[PDB]
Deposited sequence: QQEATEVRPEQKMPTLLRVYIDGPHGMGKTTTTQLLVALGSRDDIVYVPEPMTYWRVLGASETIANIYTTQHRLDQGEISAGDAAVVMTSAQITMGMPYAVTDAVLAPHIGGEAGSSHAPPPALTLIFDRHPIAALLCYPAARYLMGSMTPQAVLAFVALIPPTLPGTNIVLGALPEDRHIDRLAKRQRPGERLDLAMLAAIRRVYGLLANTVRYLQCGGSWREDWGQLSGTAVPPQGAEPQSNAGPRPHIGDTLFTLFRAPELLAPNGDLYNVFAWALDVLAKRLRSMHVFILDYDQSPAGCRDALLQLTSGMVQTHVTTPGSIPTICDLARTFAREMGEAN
């Protein structure tokens, strides 16, 4: 009955997302805005040892032809499960607290705002999809992940980043992070997937039916072409039955994708500015966003305790 605003800031790495969310949270209150960070200590210590290094080394060895596609795929798939775990778990313990649409739009101020560094679909859809484009994951495994994306509840606000390629390359080339290797092909792949993601949500919200438009696959705003959405990635010989039809297991995975993305509220944040500019731009975007009621009166303190515990335990140390 108190209201909740949830805001997931996501998109390609290297844009300044992590900075922007911290600056926003810093704008004060503490008792009514909390940050759920990238679970770096999960990735690097708790779930497995140095998963980030494992990911970039695995692609490097593939690129150098030191390991096969199949061997790259099993390492990448398994690493991506480690990557997604904290997100999946958080979403699962949060879900029963989330009630109906409240409004924000002409509604009062949230009793609590949670700013997430990334949504579950980052590790369950977007990075797996980019790794597919990089030759280190199979499309079957990507759809296996899709089938496991948790139900999208009301008030799922996703903020995705925009940045010119040239500035983004520059931002990545300056960035130094344990185990990451500078890979401009992966950059291109991940930028593309998140572009497709934005288009997919618009497509679905404009009443798009991927089954209606499937034959059109070949090679804010108006309705996008299915070829500009994520559906375009899954018209691949490995998934096609002896008749050009998608095997039913795969077509159902795409139905799930549509059911998971359609309910999302997407916003685009311009990262081509100062850290404080990015913060205030984000601030403006939030005022209009969809809030929800929570399901119990003790829901707010519990959610707050969850977020702070998560941050302390899995947020970057040292």
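In sequence order, which parts of the deposited sequence are missing C-alpha coordinates? Sequence ranges with no C-alpha atoms are 1-12, 232-244.
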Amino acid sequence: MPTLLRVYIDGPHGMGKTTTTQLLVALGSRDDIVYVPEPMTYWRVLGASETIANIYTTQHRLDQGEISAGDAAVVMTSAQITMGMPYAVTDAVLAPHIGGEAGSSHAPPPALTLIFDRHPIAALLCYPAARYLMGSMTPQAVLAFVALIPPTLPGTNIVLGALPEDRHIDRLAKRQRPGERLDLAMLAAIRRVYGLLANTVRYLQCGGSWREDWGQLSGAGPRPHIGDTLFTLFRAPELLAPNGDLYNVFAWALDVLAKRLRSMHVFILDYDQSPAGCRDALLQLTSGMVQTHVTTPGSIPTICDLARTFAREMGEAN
From here on, numbers count along this sequence of modelled residues.
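Throughout, rigid core stands for the largest set of C-alpha atoms superposing within 1.5 Å between the two forms.
Farther-lying stretch by C-alpha RMS in 7 other deposited structures of this protein, rigid core as reference, of 210-218 and 70-78: Higher root mean square deviation of C-alphas in 7 other deposited structures of this protein is shown by 210-218.
Find the stretch among 118-126 and 166-174 with the larger RMS C-alpha deviation in 7 other deposited structures of this protein, all structures being superposed on the shown form by the rigid core. Comparing 118-126 with 166-174, the larger C-alpha deviation in 7 other deposited structures of this protein belongs to 166-174.
Counting only other entries that model residues on either side, is residue 192 absent from the coordinates in at least a third? Comparison shows residue 192 kept in all of the other entries.
At a threshold of one third of the other compared entries, does residue 139 come out as unmodelled? No, none of the compared structures omit it.
Can you tell me whether 106-114 has a higher mean C-alpha B factor than 204-212 in this record, or the other way round? Higher mean C-alpha B-factor in the PDB entry: 106-114.
Look up the CA B-factors in the entry and say which stretch, 167-175 or 89-97, has the higher mean. According to the entry, 167-175 carries the higher average C-alpha B-factor.
Choose from 281, 67, 261, 254 the residue with the greatest Cα B-factor as stated in the PDB record. In this record, 67 carries the highest C-alpha B-factor of the candidates.
Among 276, 268, 27, 48, where is the Cα B factor highest in this entry? Of the candidates given, the C-alpha B-factor peaks at 27.
Lowest, middle or highest third: where is residue 272 by C-alpha B factor in its chain? Middle third of the chain for residue 272's C-alpha B-factor.
Among the modelled residues of its chain, does the C-alpha B-factor of residue 294 lie in the lowest, middle or highest third? For residue 294, the deposited C-alpha B-factor lands in the highest third.
Rank-wise, by C-alpha B-factor, drop residue 220 into the lowest, middle or highest third of its chain. Its C-alpha B-factor, which the entry lists for residue 220, ranks in the highest third among residues of this chain.
Taking only the Cα B-factors deposited for this chain, tell me whether residue 42 sits in the lowest, middle or highest third. Ranked within chain, residue 42 CA B lands in the lowest tercile.
Would you mind ranking residue 248 by its C-alpha B-factor against the rest of the chain and naming the third, lowest, middle or highest? Highest third - that is where residue 248 ends up once the chain's C-alpha B-factors are sorted.
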